[PDB]
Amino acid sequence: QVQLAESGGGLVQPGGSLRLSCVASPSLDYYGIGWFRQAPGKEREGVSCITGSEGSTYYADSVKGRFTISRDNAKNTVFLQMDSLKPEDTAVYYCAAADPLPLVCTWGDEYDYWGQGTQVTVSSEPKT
């Protein structure tokens, strides 16, 4: 087994950045990790994934370039760096674990373990 806990969410203005953490306990243990997001009253959608031993990555079209997923085996953590955030990125972000990743890694129903989610909010206009 594995237990997952997300952190790093917050409120930013458009163009802001957040770095989400998916921490696996007791160990990441070569699990693949997928990140998902869900906004109120909308369907959950896969955002990005990374494999367990080669660090191969995949990104949904809506976040390519802006988002970067990376794996830190020593810290038992998978990170999601989110740059150039937009209002449309507002959602609860969840990480999920599977070994192997589902063949299409945005198939959330096939993951085995889930975190509790971290909230990301991007304001609709610049600050001040």
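Note that residue numbering follows the sequence shown and begins at 1.
For the pair 40-48 and 70-78, the mean B factor over Cα atoms is greater in 40-48. Once the C-alpha B-factors are averaged per stretch, 94-102 and 60-68 rank with 60-68 first. Ranked within its chain, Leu18 lands in the lowest third, by CA B factor from the PDB record. When all modelled residues of the chain are sorted by CA temperature factor, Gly34 is found within the lowest third.
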